[PDB]
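S.K.:
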Amino acid sequence: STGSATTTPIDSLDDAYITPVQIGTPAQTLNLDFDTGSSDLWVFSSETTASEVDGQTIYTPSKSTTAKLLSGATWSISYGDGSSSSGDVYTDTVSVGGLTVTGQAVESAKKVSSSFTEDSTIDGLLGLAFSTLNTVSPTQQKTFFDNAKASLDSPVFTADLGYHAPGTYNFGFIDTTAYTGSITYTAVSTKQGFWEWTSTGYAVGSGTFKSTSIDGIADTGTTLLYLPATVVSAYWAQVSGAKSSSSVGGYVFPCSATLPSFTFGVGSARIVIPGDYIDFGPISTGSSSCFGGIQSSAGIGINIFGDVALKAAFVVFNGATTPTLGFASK
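Residues in the sequence shown are numbered from 2 upward in steps of one, following this note's numbering.
Put into structure tokens, the structure is as follows:
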């Protein structure tokens with residue numbers, strides 16, 4: 002089997018992407034944030050504290066003939082950005098782009114933090130990291146991909162995120178028309194539960210590529226590119242007027258600047274992020290100061306190849322017995 006679904010930016014900055022997901026019988030369609038950096042599929046629901054729901058579409062398990070309550074099970078998650086959510090657990094039929102998993106754990110939120118409430122466009126998350134990170138207790142549950150894997154034509158999914166445009170998540174096949182040149186594959190460590198890999202270096206604009214190992218995670222659920230302070234300082238030093246602002250929370254630059262591209266290495270191959278992808282617009286409405294899309298990972302504890310990086314590539318998440326990641330230009 003295979004599936005193919007379009008993913009769409011939630012706003013004009015590509016802050017996140019939403020993908021329609023069918024849950025239950027008859028189908029209830031919710032727009033979920035596919036997140037390769039976490040492993041819980043959770044939704045706003047009829048159980049979510051009413052005061053914490055503000056515009057989201059909710060899952061109502063009592064209206065699904067295939068919903069089953071997982072007796073006694075709970076879940077609770079905290080994300081890198083400080084947001085969180087928690088609740089109880091159902092299983093139900095879940096379909097993405099024509100691909101159906103029966104008995105998928107659908108984690109129903111009883112509580113969500115303010116950042117979730119305040120984002121009316123995101124109805125929940127669909128985790129695509131390794132199932133070892135799943136937060137269901139007392140017994141951990143499998144991700145949608147882990148459940149689908151054995152049925153897929155090939156044990157893979159691909160992320161093809163758009164810049165200020167829709168893109169595609171495919172399951173079970175590689176669309177050879179969706180990229181230019183060849184896909185370069187690179188080793189993955191699952192030791193921390195993430196799609197963790199080692200980039201072979203970077204370049205700033207037209208500068209010569211610096212060969213240096215950068216361990217990080219491929220994370221579709223993170224907006225920006227977070228890299229070591231050395232790398233990030235080298236980038237912003239090439240932007241006139243750029244500076245790090247502790248009050249704003251990172252590097253800012255004059256909105257009128259021309260941003261250089263940023264290149265990261267994948268083995269001997271190279272992915273070039275155009276300068277425009279690094280512009281996240283005014284720091285506040287009407288400001289002439291803009292927020293940068295490449296920021297320091299110091300204090301996160303891990304480097305993160307988030308949407309800024311991933312949307313410059315066609316990315317293969319290969320879930321074969323020995324997992325790998327593939328990157329191609331597009």
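C-beta atoms are modelled at their ideal positions from N, C-alpha and C, and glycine is treated no differently.
Short of 7 Å in beta carbon distance, which residues of its chain neighbour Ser298, apart from the five on each side in sequence? Order them along the chain.
M.R.: The count along the sequence shown starts at 1 and reaches residue 298 at position 297. These residues qualify, in order along the chain: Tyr227, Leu228, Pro229, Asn304 and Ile305.
S.K.: Determine the closest residue to residue 334 out of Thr118, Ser46 and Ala270, with distance taken between C-alpha atoms.
M.R.: No answer is possible for residue 334: it lies beyond the span of the chain, which begins at 2 and ends at 331.
S.K.: Leaving out the 5 sequence neighbours to the left and right, which residues in its chain are closer than 7 Å to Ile279 when beta-carbon positions are compared?
M.R.: Reading the sequence shown from its first residue, position 278 is the one you call residue 279. Counting only Cβ-Cβ distances below 7 Å, and skipping sequence neighbours, we find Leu260, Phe263, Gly293, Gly294, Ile295 and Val309.
S.K.: In this structure, what does DSSP give as the bridge partners for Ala219?
M.R.: Numbered from its first residue, the sequence shown carries residue 219 at position 218. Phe306, per the DSSP bridge assignment.
S.K.: For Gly307 and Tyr236, what's the separation of their Cα atoms in angstroms?
M.R.: In the sequence shown, residue 307 corresponds to position 306, counting from 1. In the sequence shown, residue 236 corresponds to position 235, counting from 1. Those two C-alpha atoms are separated by around 17 Å.
S.K.: Grouping DSSP H, G and I as helix and E and B as strand, with all else coil, what is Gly276?
M.R.: Here the question's residue 276 lines up with position 275 in the sequence shown. Three-state DSSP puts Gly276 in a helix.
S.K.: With a Cβ-Cβ cutoff of 7 Å, do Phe45 and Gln29 count as a contact?
M.R.: Residue mapping note: residue 45 aligns to position 44 of the sequence shown, counting from 1. Residue mapping note: residue 29 aligns to position 28 of the sequence shown, counting from 1. Contact: no.
S.K.: Can you pull the DSSP bridge partners for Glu197?
M.R.: Numbered from 1 along the sequence shown, position 196 holds the residue referred to as residue 197. Paired residues: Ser190 and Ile218.
S.K.: On the DSSP letters alone, give me the boundaries of the alpha helix (DSSP H) that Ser234 sits inside.
M.R.: As a working note, residue 234 is residue 233 in the sequence shown. For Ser234, the enclosing alpha helix (DSSP H) begins and ends at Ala230 to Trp237.
S.K.: Fully enclosed by the region 121–201, which beta strand (DSSP E) runs are 3 residues long or longer?
M.R.: 125–128, 157–161, 168–172 and 185–188
S.K.: Kindly indicate which three-state DSSP category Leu311 falls into: helix, strand or coil?
M.R.: Against the sequence shown, residue 311 aligns to sequence position 310. Helix at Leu311.
S.K.: With distances taken between CB atoms, is the gap from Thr50 to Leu33 smaller than 7 Å?
M.R.: Here residue 50 refers to the residue found at position 49 of the sequence shown. Here residue 33 refers to the residue found at position 32 of the sequence shown. No, the pair does not count as a contact, with Cβ atoms beyond the cut-off.
S.K.: Per DSSP, which one or two residues make a beta bridge with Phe117?
M.R.: Against the sequence shown, residue 117 aligns to sequence position 116. None; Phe117 has no bridge partner.
S.K.: Give me the Cα-Cα distance between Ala106 and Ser115, rounded to the nearest whole angstrom.
M.R.: The residue labelled residue 106 in the question sits at position 105 within the sequence shown. The residue labelled residue 115 in the question sits at position 114 within the sequence shown. Going by the C-alpha atoms only, they are around 24 Å apart.
S.K.: What does the Cβ neighbour count give for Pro62, buried or exposed, with the cut at 16 atoms within 10 Å?
M.R.: As a position in the sequence shown, residue 62 is number 61, starting the count at 1. Flag for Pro62 reads buried.
S.K.: What is the C-beta distance between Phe35 and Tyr170, in whole angstroms, given that I count them as a contact (C-beta under 8 Å)?
M.R.: What you label residue 35 is simply residue 34 of the sequence shown in a count that begins at 1. What you label residue 170 is simply residue 169 of the sequence shown in a count that begins at 1. In this structure, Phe35 and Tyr170 form a Cβ contact; the two beta carbons are roughly 6 Å apart against a cut-off of 8 Å.
S.K.: Go ahead and label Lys143 buried or exposed: buried means 16 or more other beta carbons lie within 10 angstroms of its beta carbon, across all protein chains shown.
M.R.: The count along the sequence shown starts at 1 and reaches residue 143 at position 142. By the neighbour-count rule (16 or more Cβ atoms within 10 Å), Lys143 is buried.
S.K.: Just to confirm my understanding: we take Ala219, look at its own chain, exclude 5 residues before and 5 after, and list those with CB closer than 7 Å. What are they?
M.R.: Numbered from its first residue, the sequence shown carries residue 219 at position 218. Excluding sequence neighbours, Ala219 sits near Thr37, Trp196, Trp198, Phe306, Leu311, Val316 and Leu326.
S.K.: State the start and end residues of the unbroken beta strand (DSSP E) segment that holds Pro10.
M.R.: Taking the first residue of the sequence shown as 1, we reach residue 10 at position 9. Start and end: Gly4 to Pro10.
S.K.: Taking the alpha carbon of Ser247 as the reference point, which residue from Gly266, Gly276 and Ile284 has its own alpha carbon closest?
M.R.: Looking up residue 247 in the sequence shown gives position 246. Of all alpha-carbon atoms in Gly266, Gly276 and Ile284, the one lying nearest the alpha-carbon of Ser247 is that of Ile284.
S.K.: Of the choices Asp147, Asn319, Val90 and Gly4, whose alpha-carbon is the least far from that of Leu70?
M.R.: In the sequence shown, the residue the question calls residue 70 occupies position 69. When each option's Cα is compared against that of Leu70, the closest is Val90.
S.K.: Taking contact to mean at least 3 C-beta pairs separated by less than 8 Å, is the region 110–124 in contact with the region 69–88?
M.R.: yes
S.K.: From the DSSP output, read off the bridge partner residues of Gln29.
M.R.: Walking along the sequence shown from the start, residue 29 turns up at place 28. According to DSSP, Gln29 bridges with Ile24.
S.K.: Output needed for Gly104: all residues of its chain with C-beta closer than 6 Å, excluding positions within five of it in sequence on either side, in chain order.
M.R.: By one-based count along the sequence shown, residue 104 stands at place 103. Contacts found: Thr92.
S.K.: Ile301: buried (16+ other C-beta within 10 angstroms of its C-beta) or exposed?
M.R.: By one-based count along the sequence shown, residue 301 stands at place 300. With fewer than 16 other Cβ atoms within 10 Å, it is exposed.
S.K.: Can you tell me whether DSSP reads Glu53 as helix, strand or coil?
M.R.: Here the question's residue 53 lines up with position 52 in the sequence shown. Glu53 falls in the helix class under three-state DSSP.
S.K.: Flag this pair as touching only if the region 64–78 and the region 128–139 have three or more C-beta atom pairs under 8 Å; answer yes or no.
M.R.: When C-beta atoms of the region 64–78 are compared with those of the region 128–139, three or more pairs fall below 8 Å, so the two segments count as touching.
S.K.: Using only CA atoms, which one of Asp216, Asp176, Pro167 and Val205 lies nearest to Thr187?
M.R.: For the purposes of this step, residue 187 is identified with residue 186 of the sequence shown, where counting begins at 1. Among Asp216, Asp176, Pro167 and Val205, the Cα nearest to that of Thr187 is on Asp216.
S.K.: Which word fits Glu108, buried or exposed, when buried means at least 16 other C-beta atoms lie within 10 angstroms of its C-beta?
M.R.: Position 107 of the sequence shown, counted from the first residue, corresponds to residue 108. With 16 or more Cβ atoms within 10 Å of its Cβ, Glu108 is classed as buried.
S.K.: Name the one or two DSSP bridge partners that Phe318 has.
M.R.: Residue mapping note: residue 318 aligns to position 317 of the sequence shown, counting from 1. According to DSSP, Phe318 bridges with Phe158 and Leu326.
S.K.: Taking the alpha-carbon positions, what's the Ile274 to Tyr18 distance?
M.R.: Stepping through the sequence shown from its first residue, residue 274 is reached at position 273. Stepping through the sequence shown from its first residue, residue 18 is reached at position 17. Approximately 18 Å between the Cα atoms of the pair.
S.K.: Let me confirm a value: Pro27 is counted as buried when at least 16 other C-beta atoms fall within 10 Å, else exposed. Which label applies?
M.R.: Locating residue 27 in the sequence shown gives position 26, counting from the first residue. Its Cβ having fewer than 16 others within 10 Å, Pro27 is exposed.
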